[PDB]
Each structure stands twice: as C-alpha cells, then as structure tokens.
C-alpha cells in the first residue's frame, strides 16, 4: 500500500539519454493505454538488457495531467511561463518521454517502442539524443554535475514526493540550450571562470564574495534560511560538431518551487541581474511536466 518511483528519475552517471517532447493530437484517452504499454515495454527492455541499467519516465503537461487526474493533486503544476519577459522562452507541450541508460542503442529501441505505443495520438516536437562528454564536462569545457544530489537516499529526498496522492511522483523541467562556442572562445579562461563560479581545469568552487553576483553558481546556489533549494539534474550535452549543439537541461524536484526560484534568479525577475552564461548560450525551449508514480500510470484506465 505504497508508491514506486518511475525508473528514470534516480539513476546516476548514465552515459546516454533520449528526450521526446510531444503534443496530444486527439482525445486525451489515447494517453491512458499508451502510457501503460510504454511502462510495460520498459520492464521488458530491463529484463532483456540487465547490464544497460535502463530507466525511463513518462510525464504530462498541466492541461492533459489535469484531465487524467480529474484535478486531484499536482498542486504546483502549471504551463511553463516565460521568464525575464522572454529571455527564457516557453514551449509547453503535453507529453515528455525521458529514457536514460549505459547504452544508446537500447535507448533507441525504447524510443521506437514509445512512438509505437502512442502512435498517431501525438505530434513529436523535439527528439534530442544526449551523450556524456569527456570528464562529464558540458561542451563549454566546465564539469557539469559536481554539486548534484549524490546517492539514492539524498536524490529521493530532493526529487520524490513523500506522501498523499502524489507520493512517488516528481515535477520535471526541460530546457534545450544552443551554445555559441565561437563567442565562448573569445572570452579569456579567467572571464569564463568568473561567468560560471568554478575554475575550468580543476573545477574548484570560487568563493561567493570573489565571484560576480551574475555568476551561474551565484544565480542558482540558493538558500532559504540556510536551507538549499536543491534539484536532481539529468542534463546532458547534445548536437553535431558543425551544427547546433549545447546542453539539454533536465531537472526533477519534489517541489516545482525550487526550480522556479532558480529560473527567476537566472532570468532577472528576482534582483534585475541575469546569468552570465547568456553571454555565450541561450535557451530555445521550455516546459514543466508531472511524472506520476509507476502505480498511478497503472491506475490510468
């Protein structure tokens, strides 16, 4: 008489992921059977590829989740708003599929299964293939993940709703960034470090009173009476070397509040200052989704 978290929220150090963002084309009913088939497929792939350490998440946007849940729970869920009067654009869709594992080839089979399950009920808007880069660095050359919640216990505390109707569920935020590495390269390494808030090569934190308030760490390392507003990031680099490339940002949190506070900070809504990373990269998509517990996907009918 308890809830099980979907398999894709908690895994750490996965080398590869696939994110699919889509709109509902017909009657929302279509999503009930599809979602059950999809989590069943995931169980099948986990049985066939035990060494892939595969996980997946199916999450819903505000409008369709409100219909599927009958308005019960997910109290913080809302369409992704524009932040910074447009600095952060909004591309709220109806369905998010997040697949992550040690094997891209398995992720790809799982993605085809997802598409077969939902079929023509969805309009695919974005399909991004994430890959861990050398030393777990973002394409900018800075390590991404150092202060991310570590271990199943702490990641559950941060990401998974603890009781009531939503127990086992989580709020998800996705935002695709397009890096301009030419612009980044014009910056001296010390200027880059002051932009991030950590040294580039050795990845040492720069003290808060040494770095500008516009540094990334000064914008997102937030505390409320000493209590950090933590989130579980699953972001990964993506793209081609000669084409579009950047970071596919993805975060999970028991409370949408922690994510929103960091976005208001980054995009200038809190103190009128904005994140220094906007000097070389920009966000081009944005959405908020609710990841129900596995058993709630099983009580969809």
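Residue numbers count along the first chain shown, from 1.
Just going by the entry, 29-37 versus 229-237 on mean CA temperature factor gives the higher value to 29-37.
The stretch 67-75 shows the higher mean C-alpha B-factor when 67-75 is compared against 166-174 in the entry. Across the options 105, 126, 120, 136, the residue with the most elevated CA B-factor in the record is 120.
Across the options 208, 89, 149, 141, the residue with the most elevated CA B-factor in the record is 208.
Residue-level temperature factors show residue 49 in the highest third of its chain, judged at the C-alpha atom. In the PDB entry, a CA B factor belonging to the middle third of its chain's modelled residues is recorded for residue 6. When the modelled residues of the chain are ordered by C-alpha B-factor, residue 81 sits in the middle third. Remark: residue 101 belongs to the lowest third of its chain, ranked by C-alpha B-factor as recorded.
The entry lists a Cα temperature factor for residue 264 that places it in the middle third of the chain's modelled residues.
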